[PDB]
Amino acid sequence: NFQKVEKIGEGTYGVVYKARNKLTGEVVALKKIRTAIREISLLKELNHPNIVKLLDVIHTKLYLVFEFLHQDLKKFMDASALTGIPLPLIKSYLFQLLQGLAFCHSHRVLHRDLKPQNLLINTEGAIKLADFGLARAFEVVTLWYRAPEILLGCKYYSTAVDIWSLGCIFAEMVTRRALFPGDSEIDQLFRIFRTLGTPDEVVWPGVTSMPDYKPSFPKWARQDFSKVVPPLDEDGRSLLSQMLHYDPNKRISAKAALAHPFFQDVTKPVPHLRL
Ligand SMILES: CCc1cnn2c(NCc3ccc[n+](O)c3)cc(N3CCCC[C@H]3CCO)nc12
Ligand SMILES: O=C(O)c1cc([N+](=O)[O-])ccc1NCCc1c[nH]c2ccccc12
């Protein structure tokens, strides 16, 4: 084979290896997965600083060669759990991720499975989206970041599902605890309901006609964001509240989120990375 190879983890659609090109010496990441071959390959020339670069596509069964990043945000959050990630770095990372989402959404590409392990960081302060759910689009599953319209059975969900996931990640960076740590689809939905209130037609028109909506759902009252992400200042809570709107049509877009006052003082700090 063309590479020398070491496992780094499991994406949603296949296993990921750190590897060195035998002839070139390039250090890269290889994802092994298992027409569509087409639109994936366009993504080689659609590049953004906050999206992981796809280097090559190879089919026998399907290999994807990516640039290599040195840490993922789950490991970085775990490493930072005793002290917390500094607010300026949280804010820089959120801003960068919204830039990546604005870009891919503007090209009508959804991610669909944002989670801390899929967000990759380097020593220079960048963070990049990875592990796009693009294989269906063209070992226990984590539901903690799933938008409620997905859980309620919406077939044709939108770019808003990514804003929801990013909102959950934002909250988790701030509080150092997962916002909605469910272990089943209904447990995930009811954890969301218990925190944000059971949605109704007032806050989410059409929710009661969603495929998996049940009139027998318990009706929980909404608690206040002061309780949900206490340390976060009012600008951060306002932005988070707009990222976690039940109605996908009221939920803030990535482009709109970038203009939120929370980012008026955004900067690009350097993380303390132990590699
Ligand atoms: C795009 C392919 C890729 C490139 N770098 N990289 C990294 N680098 C960080 C890193 C390096 C060395 C050891 N560790 O533990 C982390 C991790 C990672 N992933 C996290 C773990 C689950 C699989 C996979 C998901 C997201 O692609 N995927 C990638
Ligand atoms: O990230 C993955 O694992 C992944 C998986 C599959 N797949 O499984 O078919 C396909 C593509 C993937 N990444 C592409 C990253 C990418 C480069 N330029 C872009 C421009 C817009 C949106 C995204 C990108």
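Residues numbered from 1 in each chain as written, not as in the entry; some residues may be left out. Chains lettered and ligands numbered in written order. Heavy atoms only, no water. Residues with missing side-chain atoms left out of burial classes, pairs and counts.

- The deposited coordinates, according to the entry record, derive from X-ray crystallography at 1.60 Å resolution.

Notes on the site of ligand 2
Piece 1. Around ligand 2, 16 residues are found, and the nearest of them are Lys31, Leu43, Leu46, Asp131 and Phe132.
Piece 2. Between an oxygen atom of ligand 2 and a main-chain N or O atom of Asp131, the distance comes to 3.0 Å.
Piece 3. Burial of ligand 2 by the protein chains amounts to 99% of its free accessible area of 530 Å².
Piece 4. For the shell around ligand 2, a count of residues per class yields 14 nonpolar, no polar and two charged.
Piece 5. Viewed by domain, the shell around ligand 2 spans two of them, domain 1 (3-66) and domain 2 (71-263), each represented by three or more residues. (Near = heavy atom within 4 Å. Polar contact = N/O pair within 3.5 Å; in protein donor to acceptor, adjacent residues only side chain to side chain. Areas by Shrake-Rupley, 256 points an atom, 1.4 Å probe, with all protein chains shown as cover. Nonpolar A, V, L, I, M, F, W, Y, C, P; charged D, E, K, R; others polar. Domains from an automatic or database assignment.)

A look at the sheet that holds strand β6 (residues 71-72)
By definition, the strands of a sheet pair up through backbone hydrogen bonds, in either a parallel or an antiparallel sense.
Piece 1. In spatial order, the strands read β6-β7-β8; together these three strands make up an open sheet with antiparallel pairing. Of all strands in the sheet, those with a lone pairing partner are β6 and β8 (127-129), marking the two edges.
Piece 2. Sheet topology places β6 next to strand β7 (residues 119-121); two bridges connect them, and they run antiparallel. The residue bridging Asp72 from the neighbouring strand is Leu120, located in β7.
Piece 3. Packing against the sheet, helix α3 (residues 87-106) makes contact with β7 and β8, and its axis sits at approximately 35° to β8. (Pairing = 2+ DSSP bridges. Helix = DSSP H or I, 4+ residues; strand = E, 2+ residues; numbered from the N terminus. Contact = heavy atoms within 4.5 Å. Axes fitted to C-alpha atoms, helices over the stretch in contact; angles between N-to-C directions.)

A look at the UniProt feature "active site" in the protein
Piece 1. In the numbering used here, UniProt assigns the "active site" feature to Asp113.
Piece 2. With respect to the helices, strands and loops of the structure, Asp113 is situated in the loop between α3 and β7. (UniProt positions renumbered as here; feature names shortened; annotations may be inferred.)

Describing the pattern of salt bridges
Piece 1. Using the criterion set out here, one finds 13 salt bridges in the structure.
Piece 2. One salt bridge in this structure joins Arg194 and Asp187, with 3.4 Å as the shortest N-O distance.
Piece 3. Under the relative-accessibility criterion, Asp187 is labelled buried at 17%.
Piece 4. The salt bridge partner of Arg237 is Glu234, with a shortest N-O separation of 2.4 Å. Remark: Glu234 and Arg237 occur in helix α9 (residues 234-243); sequence separation between them is three residues, near one turn of the helix. (Salt bridge = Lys/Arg side-chain N within 4 Å of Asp/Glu carboxyl O. Buried < 20%, exposed > 50% of the residue type's maximum accessible area, 1.4 Å probe, protein only.)

Things to note about the site of ligand 1
Piece 1. Lining the immediate surroundings of ligand 1 are 20 residues, of which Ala29, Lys31, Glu67, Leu69 and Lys75 lie closest.
Piece 2. Within the contact set of ligand 1, an oxygen atom lies 2.9 Å away from a side-chain nitrogen or oxygen of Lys31.
Piece 3. One of the backbone nitrogen or oxygen atoms of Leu69 is found 2.7 Å away from a nitrogen atom of ligand 1.
Piece 4. Protein contacts shield 90% of the accessible area of ligand 1, which totals 580 Å² for the unbound molecule.
Piece 5. Those elements that provide at least two residues to the shell around ligand 1 are β1 (3-10), β3 (27-33), β5 (62-67) and β6.
Piece 6. Classifying every residue of the shell around ligand 1 gives nine nonpolar, five polar and six charged.
Piece 7. Counting residues domain by domain, the shell around ligand 1 receives three or more from each of domain 1 (3-66) and domain 2 (71-263).

Re the domain arrangement of the protein
Piece 1. The domain architecture assigned to the protein consists of domain 1 (3-66) and domain 2 (71-263).
Piece 2. When each unit is reduced to the centre of its C-alpha atoms, the spacing between domain 1 and domain 2 is 26 Å.
Piece 3. Sorting the residues of domain 1 by area buried against domain 2 places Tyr13, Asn50 and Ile51 first, and these three jointly supply 36% of that buried surface.
Piece 4. Applying the counting criterion to the domain 1 and domain 2 interface returns one salt bridge.
Piece 5. Measuring nitrogen to oxygen at the nearest pair gives 3.3 Å for the salt bridge that ties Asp131 to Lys31.
Piece 6. Linking domain 1 to domain 2 there are eight residue pairs in polar contact.
Piece 7. Per-element tally for the side of domain 1 that touches domain 2: the top contributor is helix α1 (residues 36-42), with three residues.
Piece 8. In terms of residue class, the side of domain 1 that touches domain 2 is built from eight nonpolar, five polar and three charged. (Buried area = accessible area lost by both parts, 1.4 Å probe.)

Here we look at the packing of aromatic side chains
Piece 1. Under the criterion given, the structure shown has 14 aromatic pairs.
Piece 2. Considering the side-chain rings of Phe95 and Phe263, the 5.0 Å spacing of their centres and the 55° angle between planes classify their relative orientation as tilted.
Piece 3. Consider the rings of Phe193 and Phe217, whose centres lie 5.6 Å apart with planes at 65°: the pair is edge-to-face. Taken together, the residues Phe193 in helix α7 (residues 185-196) and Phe217 in the loop between α7 and α8 (225-228) connect sequence positions 24 residues apart. Here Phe193 matches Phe217 in class, with each residue buried.
Piece 4. Counting every residue linked through ring pairs, the aromatic cluster contains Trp164, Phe180, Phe190, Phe193, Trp204, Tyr213, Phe217, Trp220 and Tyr246.
Piece 5. The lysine or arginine in question, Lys31, covers the ring of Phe66, its NZ or CZ lying 5.0 Å from the ring centre. (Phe/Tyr/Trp six-rings, centres within 6.5 Å; stacked < 30°, edge-to-face > 60°. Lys NZ or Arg CZ within 6 Å of the ring centre and 35° of its normal.)

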